[PDB]
Amino acid sequence: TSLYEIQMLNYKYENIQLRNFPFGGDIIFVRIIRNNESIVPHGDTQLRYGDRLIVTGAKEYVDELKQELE
Amino acid sequence: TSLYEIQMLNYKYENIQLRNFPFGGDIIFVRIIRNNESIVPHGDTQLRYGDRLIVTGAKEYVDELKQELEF
Ligand SMILES: Nc1ncnc2c1ncn2[C@@H]1O[C@@H]2COP(=O)(O)O[C@H]3[C@@H](O)[C@H](n4cnc5c(N)ncnc54)O[C@@H]3COP(=O)(O)O[C@H]2[C@H]1O
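Residues numbered from 1 in each chain as written, not as in the entry; some residues may be left out. Chains lettered and ligands numbered in written order. Heavy atoms only, no water.

Its PDB record attributes the structure to X-ray crystallography, giving the resolution as 1.821 Å.

Structural data, given as structure tokens:
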């Protein structure tokens, strides 16, 4: 698998924009599924509680990010 | 999530930075496969001749990118 899904269930990251997010490693947000819509994420895209994040990167950082976010 | 592969066959864009690419649409480069390895693309990342660009986004702009990069 190369596309992983992570739930954004951490209140500490609400309204935090991708351009300021402190990534656990080399990761790109491929899509964010929010309110039944699939968004192509960019720098000023803000995380929201309940977001379904579709991410790609090495399993390590993905796992790392997963722990912090959900 | 649809991903599309685009070959970087246009020397016009070689060495150009992702932060400096003129995007005319809603698109993200999910992966670049370069020198037999699969890499995660960022702002500094350069397009290099022969790159296999894996992209996601508005299909209309994917199509324009394919014109620019591999036609
Ligand atoms: N995979 C990709 N596909 C297409 N273009 C790409 C790209 N990765 C980087 N870029 C382009 O480079 C900018 C520079 O990227 P950078 O990684 O330095 O700087 C970024 C980055 O760390 C964060 N960001 C934006 N989108 C992101 C994403 N999908 N995943 C992770 N971080 C993102 O916001 C900073 C400013 O974002 P902004 O989009 O307004 O500005 C973008 C975008 O035009």
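Back to the write-up after that little detour.
**Comments concerning the overall build of chain A**
For chain A, the helix and strand inventory stands at one helix and four strands. Starting at the N terminus and ending at the C terminus, chain A contains elements arranged as β-β-β-β-α. Relative to the globule expectation of 11 Å for 70 residues, the C-alpha radius of gyration of chain A, 11 Å, shows essentially globular dimensions. Referenced to the eigenvectors of the C-alpha coordinate spread, the extents of chain A come out at roughly 25 × 20 × 20 Å. Relative to its 70 residues, chain A shows a buried fraction of 40%. The contacts in chain A between residues at least 6 apart in sequence include a share of 71% that link residues at least 24 apart. (Helix = DSSP H or I, 4+ residues; strand = E, 2+ residues; numbered from the N terminus. Rg over C-alpha atoms; globule rule 2.2 N^0.38 Å. Buried < 20%, exposed > 50% of the residue type's maximum accessible area, 1.4 Å probe, protein only. Contact = heavy atoms within 4.5 Å.)

**With respect to the environment of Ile54 of chain A**
Mapped onto the elements, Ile54 of chain A comes out in strand β4 (residues 52–57). Residue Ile54 of chain A is classed as buried on the basis of its relative accessible area, which comes to 8%. Note: C-alpha distance between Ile54 of chain A and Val40 of chain A (14 residues apart in sequence) is 10.0 Å. What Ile54 of chain A contacts, discounting residues up to four positions off in sequence, is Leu3, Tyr4, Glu5, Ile28, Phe29, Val30, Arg31 and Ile33 of chain A together with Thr1 of chain B.

**Thoughts on the pattern of salt bridges**
As enumerated under the stated definition, the model contains six salt bridges over all chains in all. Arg52 of chain A is the salt-bridge partner of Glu5 of chain A, the closest N and O atoms lying 2.4 Å from each other. With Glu5 of chain A in strand β1 (residues 4–7) and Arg52 of chain A in strand β4, this residue pair connects regions lying 47 residues apart in the sequence. Assessed through its relative accessible area of 30%, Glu5 of chain A is described here as partly exposed. The class of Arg52 of chain A is partly exposed, set by a relative accessible area of 32%. Two residues, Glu5 of chain B and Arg52 of chain B, come together in a salt bridge whose shortest N-O distance is 2.6 Å. Separated by 47 residues along the polypeptide, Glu5 of chain B in strand β1 (residues 4–7) and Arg52 of chain B in strand β4 (residues 52–57) bring together distant segments of the chain. We classify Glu5 of chain B as partly exposed; its relative accessible area is 35%. Accessibility expressed as a relative area gives 34% for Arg52 of chain B, which makes it partly exposed. (Salt bridge = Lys/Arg side-chain N within 4 Å of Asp/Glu carboxyl O.)

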